[PDB]
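Throughout, a chain's letter reflects where its sequence line sits, starting with A, and its residues are numbered from 1. Side chains included, hydrogens not; waters and symmetry mates left out as well; all remaining heavy atoms used.
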Amino acid sequence: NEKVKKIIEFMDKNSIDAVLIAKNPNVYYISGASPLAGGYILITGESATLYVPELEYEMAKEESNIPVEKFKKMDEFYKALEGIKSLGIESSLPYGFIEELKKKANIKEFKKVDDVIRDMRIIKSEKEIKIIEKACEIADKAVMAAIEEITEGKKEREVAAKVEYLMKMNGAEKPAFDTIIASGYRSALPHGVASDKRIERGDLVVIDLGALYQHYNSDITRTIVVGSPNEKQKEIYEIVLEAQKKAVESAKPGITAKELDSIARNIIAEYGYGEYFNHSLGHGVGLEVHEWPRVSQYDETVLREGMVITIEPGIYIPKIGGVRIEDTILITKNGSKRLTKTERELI
Amino acid sequence: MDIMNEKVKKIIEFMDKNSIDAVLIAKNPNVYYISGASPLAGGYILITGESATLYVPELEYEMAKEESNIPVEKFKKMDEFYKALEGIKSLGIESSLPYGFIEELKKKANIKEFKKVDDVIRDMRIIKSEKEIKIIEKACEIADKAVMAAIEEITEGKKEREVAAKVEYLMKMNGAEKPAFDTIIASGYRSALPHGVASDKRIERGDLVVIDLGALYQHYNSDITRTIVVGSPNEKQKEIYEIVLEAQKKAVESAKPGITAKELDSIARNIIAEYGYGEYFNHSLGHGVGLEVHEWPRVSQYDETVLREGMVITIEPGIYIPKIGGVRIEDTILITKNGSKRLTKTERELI
Ligand SMILES: C[As](C)(=O)[O-]
Ligand SMILES: C[As](C)(=O)[O-]
Ligand SMILES: [Mg+2]
Ligand SMILES: [Zn+2]
Ligand SMILES: [Zn+2]
Ligand SMILES: [Zn+2]
Ligand SMILES: [Zn+2]
């Protein structure tokens with residue numbers, strides 16, 4: 001396939017004899033198969049083969065677009081690698097595995113192939129975009145359900161369980177990540193995963209969730225308030241809303257991820273809340289919840305049509321609470337498109 | 001010097017005996033096991049001969065400081081972390097540490113040599129304390145409740161994924177953080193797929209249905225598999241079922257200290273092979289369970305680990321007939337002084 005072809009081209013330019021792909025999302029991206037257990041793709045100058053343990057063979061044989069080989073013990077796999085001098089690998093390959101490759105496969109050199117994997121996955125195909133949009137649609141439904149479920153006295157975890165159930169009933173494999181239902185002081189926390197805390201009147205409630213649908217992810221955050229907001233809560237909400245909207249409106253091909261982050265960050269900084277916006281503006285979304293590019297002050301990746309990223313500025317104040325508004329957006333030919341469509345002005 | 005816990009000291013012992021200058025622990029389950037902290041972002045424990053420190057990003061400091069039993073240090077940029085590592089000659093690392101990170105350590109921390117510390121981590125985690133066993137047993141209680149709920153929910157017409165959604169909700173409402181792994185509800189031809197995660201397929205009468213699920217509860221895992229038939233089973237379904245049941249029961253009864261994992265795997269495998277279904281029992285008999293659903297030891301033909309009191313493993317033989325159906329019966333068990341204890345207690349003879 002075209003993906004294997006691009007890897008072979010990269011191998012030729014970088015004097016790599018063979019490439020090993022082992023990370024789940026990359027194995028699926030290339031072969032179309034997703035063995036839960038350990039699956040490995042070996043790409044040579046003229047072939048691509050997926051190796052899987054026997055228990056995953058039947059599933060892999062019916063889902064893979066490249067030849068499949070099964071093995072009983074890892075020794076058979078290494079035997080298939082003996083002879084390779086320079087091996088291209090993912091930066092995620094674990095130490096234990098690399099040491100086994102040196103000892104049992106006699107690999108002489110390792111080179112990172114992350115660049116070619118990134119260059120491919122960072123631009124979504126029309127088909128991938130449609131799956132991501134469906135995942136976002138499911139996430140939108142989950143956020144609305146969360147709002148309905150929220151009431152004084154209910155545990156954050158109960159709301160989370162209820163909406164995760166709804167997402168799965170809508171076709172999701174599972175949540176894209178641990179659901180965040182953070183109320184009151186918890187809304188100002190770094191990663192407020194739903195807890196046993198009970199929601200209280202006057203609480204700001206951050207709802208950050210996503211659905212994993214047919215291998216692709218979605219990501220959305222909306223913040224609401226139980227009852228009426230006080231002056232401070234309303235103020236930080238208005239600023240985050242302004243920053244989020246301006247950043248989304250500014251997203252387009254040609255500008256750097258850093259430039260985009262600066263748009264939202266400068267708005268928040270000018271209002272005097274710069275020290276309370278403690279994370280990046282966003283991240284890419286695809287086969288993984290967090291992927292390329294990183295939308296921050298440290299990544300100047302030039303945006304291009306086909307990229308899918310989140311725009312999620314926020315302001316977090318100890319005890320008082322926090323506000324975050326996040327959308328998963330698609331970079332189009334001339335601008336952007338919000339894939340998550342839930343109303344943002346909720347406070 | 002620091003007053004360090006016994007887990008840290010066991011690592012220090014290993015360090016001295018293996019000429020290692022310092023040890024870096026970065027995998028979540030290990031960081032929790034050693035410090036009690038659960039940094040969602042990147043937490044790193046650095047152990048030296050006289051100190052143990054947990055380094056975490058700013059967005060993790062406050063919580064880590066509250067849950068960690070060892071001194072916590074925060075950093076704004078990784079360069080700050082690598083600076084702390086400067087001077088280390090031989091660094092002990094986990095077999096899970098990624099290539100990219102190791103290359104960074106080589107250049108920014110100028111680490112000269114790396115050595116595996118997997119053996120000491122394994123030696124500690126492979127034997128569960130009475131405290132850990134109680135947590136795992138409760139997770140198994142939650143898993144048992146989920147399996148019983150699944151059986152009651154499974155009927156002709158039901159979508160596999162919907163059954164999964166219902167029992168995963170039940171587990172959470174019963175205290176579980178979340179499922180230990182993607183719930184498997186494999187019906188009909190799908191029961192022939194060992195890892196047939198619940199799908200959009202609708203269950204039909206006469207279907208063999210494999211239910212494999214588990215709960216992550218207070219950091220520990222549970223794992224259970226029961227197979228049922230919707231309606232009356234035919235003779236061929238009953239045949240493979242009786243064989244798997246016989247093999248599973250015999251293996252559980254044979255589990256005791258002194259036997260190797262390979263010898264235990266052979267008990268179940270030889271039974272299934274004698275019936276001529278050896279080619280269809282395409283996976284190991286089991287795996288250890290603890291902070292991770294899959295851990296030491298591997299109960300297979302390729303593991304010589306001698307079982308000891310305190311080990312927690314699964315016993316899950318199965319037979320899978322391609323495109324037709326399959327059967328798997330799995331229990332999480334505890335190795336006792338001279339036998340075993342079934343932590344998962346749901347009835348096994350369900351057809
Ligand atoms: C909490 As998130 C998946 O938006 O980084
Ligand atoms: C599907 As399992 C966690 O029993 O290997
Ligand atoms: Mg200190
Ligand atoms: Zn999010
Ligand atoms: Zn996000
Ligand atoms: Zn299982
Ligand atoms: Zn298992």
Side-chain angles (χ1 to χ4, degrees), chain A residues 23 34-37 53-62 70 72-75 89-100 110 112 114 155 157-158 160-175 177-179 189-194 196 212 278-279 298 316 318, chain B residues 27 39-41 57-63 77 93-104 114 116 118 159 161-162 164-166 168-173 175-179 181-184 190 192-200 279 282-284 294 300-302 318 320 322-323:
Chain A
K23 201 181 184 183
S34 51
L36 178 58
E54 296 200 315
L55 77 179
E56 302 285 29
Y57 187 64
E58 294 310 313
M59 292 183 93
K61 184 176 60 182
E62 188 165 302
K70 66 169 154 78
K72 289 180 170 296
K73 54 183 177 181
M74 221 62 252
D75 296 309
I89 64 170
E90 300 152 302
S91 296
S92 53
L93 206 60
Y95 182 59
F97 193 52
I98 295 180
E99 289 301 299
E100 283 293 280
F110 297 88
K112 301 179 181 180
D114 289 53
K155 284 187 170 185
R157 277 173 51 71
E158 184 182 319
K162 192 74 70 166
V163 301
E164 296 180 330
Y165 168 79
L166 179 158
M167 290 198 282
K168 197 144 188 171
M169 291 298 280
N170 272 299
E173 297 172 49
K174 58 183 178 183
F177 52 85
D178 295 341
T179 300
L189 296 180
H191 324 301
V193 176
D196 287 279
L212 173 58
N278 45 43
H279 56 74
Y298 309 113
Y316 315 89
Chain B
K27 201 179 185 180
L40 299 74
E58 298 183 297
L59 295 175
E60 293 293 51
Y61 184 65
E62 293 305 303
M63 184 55 77
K77 188 175 296 299
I93 60 169
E94 301 151 300
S95 295
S96 55
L97 205 62
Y99 179 71
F101 190 69
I102 293 176
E103 289 305 303
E104 283 288 63
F114 297 86
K116 299 181 183 61
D118 190 70
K159 180 176 295 185
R161 177 124 47 200
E162 284 174 32
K166 184 70 176 300
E168 292 180 337
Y169 172 87
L170 177 67
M171 288 199 278
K172 295 167 193 177
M173 296 297 80
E177 299 171 43
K178 56 184 178 181
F181 53 85
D182 287 48
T183 298
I184 289 166
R190 298 200 74 254
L193 305 173
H195 288 168
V197 175
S199 73
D200 291 304
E279 172 190 358
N282 54 23
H283 58 71
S284 59
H294 291 113
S300 70
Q301 284 297 288
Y302 315 112
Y320 316 89
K323 269 207 111 117

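- Contact of the A:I98 side chain with the B:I102 side chain is not registered, since no non-hydrogen atoms from C-beta on lie closer than 4.5 Å.
- Between atom NZ of residue B:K172 and atom CD of residue A:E158 there is a gap of 12.5 Å, rounded to the nearest 0.5 Å.
- A salt bridge is absent between B:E103 and A:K112; no separation between the charged side-chain nitrogens and carboxylate oxygens falls under 4.0 Å.
- If you measure heavy-atom distances from A:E90 to chain B, the contacts under 4.5 Å come from the backbone alone.
- At a 4.5 Å heavy-atom cutoff, A:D114 makes no contact with chain B through either its backbone or its side chain.
- One distance of note links CZ of A:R157 with NZ of B:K178; it measures 11.0 Å at 0.5 Å rounding.
- We find the CG-CG distance between B:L59 and A:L189 to be 10.5 Å, quoted to the nearest 0.5 Å.
- Heavy atoms of A:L166 lying under 4.5 Å from chain B are absent altogether.
- For A:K155, the salt bridge (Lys or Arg N to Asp or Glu O under 4.0 Å) partners are A:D196, not counting sequence neighbours.
- Using a 4.5 Å cut-off on side-chain heavy atoms (C-beta onward), B:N282 and A:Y57 make no contact.
- Every salt bridge (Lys or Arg N to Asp or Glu O under 4.0 Å) that A:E58 has, sequence neighbours left out, goes to A:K61.
- Note that NZ of B:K166 is 6.0 Å distant from OH of A:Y165, once rounded to the nearest 0.5 Å.
- Taken to the nearest 0.5 Å, the OG atom of A:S91 stands 9.5 Å off from the CD atom of B:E104.
- At a 4.5 Å heavy-atom cutoff, the contact between A:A172 and chain B is made by backbone atoms alone.
- Counting only distance, with no hydrogens or angles, the side chain of B:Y302 and the backbone of A:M74 share no donor-acceptor pair below 3.5 Å.
- Rounded to the nearest 0.5 Å, atoms CG (A:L36) and CD1 (B:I184) are 7.0 Å apart.
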